[PDB]
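# Residue-level structure breakdown
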Amino acid sequence: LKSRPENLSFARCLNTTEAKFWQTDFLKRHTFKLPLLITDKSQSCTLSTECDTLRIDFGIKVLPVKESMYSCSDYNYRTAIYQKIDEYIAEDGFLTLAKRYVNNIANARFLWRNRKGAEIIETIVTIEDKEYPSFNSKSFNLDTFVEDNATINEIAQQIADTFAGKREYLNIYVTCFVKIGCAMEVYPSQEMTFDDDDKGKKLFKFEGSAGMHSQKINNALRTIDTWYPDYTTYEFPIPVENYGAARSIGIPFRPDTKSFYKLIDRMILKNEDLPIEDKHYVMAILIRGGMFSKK
Amino acid sequence: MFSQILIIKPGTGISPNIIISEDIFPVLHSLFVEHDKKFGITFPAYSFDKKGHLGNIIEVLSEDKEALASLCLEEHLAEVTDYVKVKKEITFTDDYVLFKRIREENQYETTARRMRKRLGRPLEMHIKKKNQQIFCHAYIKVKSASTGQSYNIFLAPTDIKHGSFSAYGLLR
Amino acid sequence: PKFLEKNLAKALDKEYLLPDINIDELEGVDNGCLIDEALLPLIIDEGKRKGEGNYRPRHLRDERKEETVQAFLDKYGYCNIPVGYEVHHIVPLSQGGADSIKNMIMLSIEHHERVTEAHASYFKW
Amino acid sequence: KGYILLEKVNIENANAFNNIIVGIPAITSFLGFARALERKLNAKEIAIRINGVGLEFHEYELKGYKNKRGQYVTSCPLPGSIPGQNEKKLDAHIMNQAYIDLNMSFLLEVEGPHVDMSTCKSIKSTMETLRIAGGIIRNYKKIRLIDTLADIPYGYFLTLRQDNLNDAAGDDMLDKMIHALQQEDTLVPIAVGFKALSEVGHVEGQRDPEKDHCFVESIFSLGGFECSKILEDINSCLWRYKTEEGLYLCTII
RNA sequence: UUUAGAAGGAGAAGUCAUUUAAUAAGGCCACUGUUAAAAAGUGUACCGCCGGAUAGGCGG
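Structural notes, computed from the coordinates. (Residues numbered from 1 in each chain as written, not as in the entry; some residues may be left out. Chains lettered and ligands numbered in written order. Part of a larger assembly, values for the part shown. Heavy atoms only, no water.)

Here we take up the overall build of chain D. What chain D contains, in helices and strands, is four helices and 13 strands. Against the 2.2 N^0.38 benchmark of 18 Å for 253 residues, chain D shows a C-alpha radius of gyration of 20 Å, consistent with a compact globule. Its C-alpha atoms give chain D principal-axis dimensions of roughly 50 × 45 × 45 Å. Per-residue burial over chain D gives 40% buried out of 253 residues. Put simply, of all contacts in chain D between residues at least 6 apart along the chain, 75% involve residues at least 24 apart. (Helix = DSSP H or I, 4+ residues; strand = E, 2+ residues; numbered from the N terminus. Rg over C-alpha atoms; globule rule 2.2 N^0.38 Å. Buried < 20%, exposed > 50% of the residue type's maximum accessible area, 1.4 Å probe, protein only. Contact = heavy atoms within 4.5 Å.)

Below, the structure written as structure tokens:
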């Protein structure tokens, strides 16, 4: 082994669908839905002065990490990284990362601005038509990851065993209820504009109702990195990225030696061991996927 | 000058000025109306650059320590503690920057309103550019409780360390 | 060497374009600053009309000189660029514009953005 | 020591004709210009001395046109009254001449105590009074100090090529020039200096009655062009004066 | 201090007349485009009052 190969890439191990919004009364919410439409002129979205609760439905598919390696020109490099994944599964079965991701489901981080100031936020997780007891997501703060909730543990266990290749796949469907005043504004994600003269803000429709991009929801789920070198200075988790960038704070949290590129080079090419927290970060980026070729 | 520090938490996925305009600033305004406008506001991380930014930190200011302590900010901001952090200490300080509401706001539409009460192009143009000078500063969206009108309070820093505050904690 | 012979192509590459409008006569410009929004299509069209086909590569372009900006500000009595404004070249320097007082205009940041976006769209920057 | 660049000077009607050559002026013309600039600066007590010159061509136009057969035809100014026995007549004799317009940048190698921007400004205030090879300096972009070969703007330096001339087919020196030029199309002949035709002395009619005098023949050689992006040592283009027992020579060392 | 120093190139003008470019033709065979992205930026203001006021200030 001498360098990253000329092509190297990983498919998303944690696939996420787009989200479709729905509208409900909160009492009898378990039996009723209306499609939430978008209003033109700058577009905006609100509940229809009658219902007091939006609903969000979206799906997750988990794939085994060992099989997600999409292309790799060096057979020796493929063999080495497969072996290192087996080694990591021997250290722990991805369970810590799975618990962090399931926390980022339970804490309703995926709501983004829609989380702000809602009266109640209930979240339901469905797996193979088993429906799990609803998370009172208000009880989870955004700064700490809960290790001991039995529902989180069971979901995280099934996700972790899926990452380890003890399952072929795991289809997870998520449902969320957010209770807000009768015509409180709702914030679906915006579309890009390609410098058309109609620069006015446009909102993402999905099947003609409002929706959120899959990017936003996945990036919310990826907010699990607390291992970056001076976390003690800032204490907030960042979205996992190759340089640990963030869109709110311009300073990248992982330039140079703690970057993904350097840590992979050290782990694979030099065959160095490294701390468990940085191993978690490396496998978290393998879960994310990317291109990791030679520069 | 006594002071207490409010920090908007980074990494929440919400622009800090949204938390200011919707949660912190109306609560502070309510307290200042309730407690006779004794208090100021300052923005330690303020920077002007090309467009004014408040930064993620607010400090409430007071001439009296017990007056500021009586506001009990930790108890009123409780339900927003997922993204608003309150420092437990009150600090005396000789270093602070007061801010003022900018002495012109929207002369364009205000003059249109006044002609509806009572534009010539050179007037309209100059007022347009006076507006565009104002619009580069920092600003907070406010909806008036007493009238329901929604408007942007434009803010500017000043070196004047003492004087009477407004209902929004700005130097009058 | 024959490639170093003077020719009209080389000579025109060292002569520079100016706009035809006068910022001292446009109603809606005062003290060198665009005061009326309504003239923006004229400034955009002047940039377009002059710029077409007159691309200059970077080593042949005019340098933007702080002396030119200062002399522009001096003509209208500013010490500095006023708060919230930027000095713009009516004909872009990449498209033949001279770095001269006669080519400058001062715009508000949002109007500057709009004109810049229009010219970038037209010249395919 | 230091290096001053005179950047993109425009010269009108440089004297283009030498006894054997039409085109690029004699090298001695440029170095004598540099010496005149030294004398002008020294007379102001700036005390600079200029030990060598680097000549970089950017544009040229020989005063003339191309025949359909591609050859140039040289222009003349209509001559005015020439002194001597026939000076009164309205029509005056036409002698051999040619004129070239140049766009050129001069590298100077300089000694001085205060080599800085003030002496650049002094060169700026001085250079307006001088000529280059009898040509008039119309314009120039800038005068500045430089430190590295990355500072020179893109152009082509002229350098000596004695090697190619000596290595040419050995029949005769004029045949060596002819064969070299016929083998190496990018090289050009140039006038380099002067050979004493008589021993140093004083004679009647001198420009100055008190500085020692020689009759001379022009010396010619072969030179060639090097891109400034391709130069490696700055010294490879610095023309300097040399004297050898009756040879008066520009050369590169 | 430079093959130094100096230069008015000028006036005027019929290019015209005429014309068959045609005849003929296999472009074909094979193929993995591919992994990964917060659209942000509070987009934005409002309605009155004092002031002859275009000037210049105000509350919400």
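From this point, things continue past the structure.
Before going further, it helps to spend a moment on the interface of chain B and chain C. Listed by partner, the interface residues are ten residues for chain B and twelve residues for chain C. Buried area between chain B and chain C, summed over both chains or domains, comes out near 970 Å², and the portion from carbon and sulfur atoms is 60%. Of all residues in chain B, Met125, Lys129 and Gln132 of chain B give up the largest surface area on contact with chain C, accounting jointly for 53% of the area buried on that side. Put simply, chain B and chain C have one salt bridge between them. Taking the shortest distance from any N to any O, the salt bridge between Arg121 of chain B and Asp36 of chain C comes out at 3.4 Å. Taken together, the connections running from chain B to chain C amount to six residue pairs in polar contact. (Buried area = accessible area lost by both parts, 1.4 Å probe. Salt bridge = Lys/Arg side-chain N within 4 Å of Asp/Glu carboxyl O. Polar contact = N/O pair within 3.5 Å; in protein donor to acceptor, adjacent residues only side chain to side chain.)

All right, on to helix α4 (residues 173-183) of chain D then. Residues and elements named next belong to chain D. Listed as buried for α4 are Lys176, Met177 and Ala180. Along the axis of α4, the buried positions cluster into a sector of 100°, meaning they face one direction only. Within α4, the exposed residues directed more than 90 degrees away from the buried face are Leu174 and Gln182. In this fold, the buried residues of α4 make contact with α3 (162-166), β10 (188-196) and β11 (216-227). (Arc of directions from axis to C-beta.)

Attention shifts here to the protein's contact with RNA strand E. As a structural note, the neighbourhood of RNA strand E is formed by 79 residues, with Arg103, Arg113 and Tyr139 of chain B together with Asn15 and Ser29 of chain D the closest of them. At 2.8 Å from a sugar or linking oxygen of RNA strand E is found a side-chain nitrogen or oxygen belonging to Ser146 of chain B. A total of seven residues in the surface near RNA strand E trace back to one element, the largest contributor, which is helix α4 (residues 107-117) of chain B. The residue makeup of the surface near RNA strand E, split by class, is 23 nonpolar, 33 polar and 23 charged. (Near = heavy atom within 4 Å. Nonpolar A, V, L, I, M, F, W, Y, C, P; charged D, E, K, R; others polar.)

Ranked by internal contacts, the top residues of the largest apolar core, which has 78 residues, are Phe94, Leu97, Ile159, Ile172, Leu286 and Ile287 of chain A. Sort the elements by how many residues they give to this core and helix α7 (residues 276-288) of chain A lands first, with seven residues. The contact partners of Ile287 of chain A, leaving out residues within four places of it in the chain, are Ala11, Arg12, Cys13, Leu14, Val65, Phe94, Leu97, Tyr101 and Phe163 of chain A. By size, the runner-up hydrophobic cluster in this structure holds 49 residues, among which are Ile4, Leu37, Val110 and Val192 of chain D. (Core = buried A, V, L, I, M, F, W, Y, C linked by side-chain atoms within 4.5 Å.)

Here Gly117 of chain A lies in the loop between α2 (95-106) and β8 (120-127). On the basis of relative accessible area, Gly117 of chain A is assigned to the exposed category, the value being 61%.

The next point concerns the interface of chain D and chain C. The interface is formed by twelve residues belonging to chain D together with nine residues belonging to chain C. Both faces considered, chain D and chain C share a buried interface measuring about 1100 Å² in area, 53% of it formed by carbon and sulfur atoms. Of all residues in chain D, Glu59, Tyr60 and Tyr156 of chain D give up the largest surface area on contact with chain C, accounting jointly for 48% of the area buried on that side. Here chain D and chain C share three salt bridges between them. Of the charged contacts, one joins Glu59 of chain D and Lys14 of chain C as a salt bridge, the two residues approaching to 3.0 Å between their closest N and O atoms.

Next up on the list: the sheet that holds strand β7 (residues 150-158) of chain B. All names here are of chain B. Strand order in the open sheet formed by three strands is β5-β7-β6, with antiparallel pairing between adjacent strands. A strand with exactly one partner marks an edge of an open sheet, and here the two such strands are β5 (98-101) and β6 (138-143). When the angles between neighbouring strand axes are averaged without regard to direction, this sheet yields 40°. Judged from the four bridges that link them, β5 and β7 form a sheet pairing that is antiparallel. Following the sheet pairing, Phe99 is matched in β7 by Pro157. Helix α1 (residues 16-34) rests against β6 and β7 of the sheet, and its axis sits at about 40° to β6. (Pairing = 2+ DSSP bridges. Axes fitted to C-alpha atoms, helices over the stretch in contact; angles between N-to-C directions.)

Residues and elements named next belong to chain B. The grouping of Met115, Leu119 and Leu123 at the surface amounts to a nonpolar patch, some 260 Å² of accessible area in total. When you line up the elements, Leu123 lands in helix α5 (residues 121-134). Of the residues examined, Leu123 reaches a relative accessible area of 42% and is grouped as partly exposed. (Patch = residues over 30% accessible without salt bridge, like charges linked within 9 Å, V, L, I, M, F, W, Y side chains within 5 Å. Areas by Shrake-Rupley, 256 points an atom, 1.4 Å probe, with all protein chains shown as cover.)

Residue and element names in this part refer to chain B. With respect to topology, four strands assemble into an open sheet ordered β2-β3-β1-β4, the strand pairing being antiparallel. Either end of the sheet is taken by a strand with one partner, and the two such strands are β2 (39-42) and β4 (84-92). Strand-to-strand twist in this sheet, taken as the mean axis angle between neighbours without regard to direction, amounts to 20°. Note that β2 and strand β3 (residues 57-62) share four bridges and pair antiparallel. By the bridge assignment for β3, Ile41 is matched with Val60. Lying over the sheet, α1 contacts β1 (2-8), β2, β3 and β4, oriented at roughly 150° with respect to β1.

What follows concerns α4 of chain B. All names here are of chain B. Within the sequence span of α4, burial applies to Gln107, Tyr108 and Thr111. Across the axial projection of α4, the buried residues extend over an arc of 105°, all falling on one side. Exposed positions of α4 whose direction lies more than 90 degrees from the buried face are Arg116 and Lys117. On its buried face, α4 is in contact with α5. At the N-terminal end of α4, a side-chain oxygen is found 3.2 Å from the backbone nitrogen of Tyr108, two or three residues along, and the residue is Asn106.

Purely geometric stuff here, so don't read any function into it on its own.
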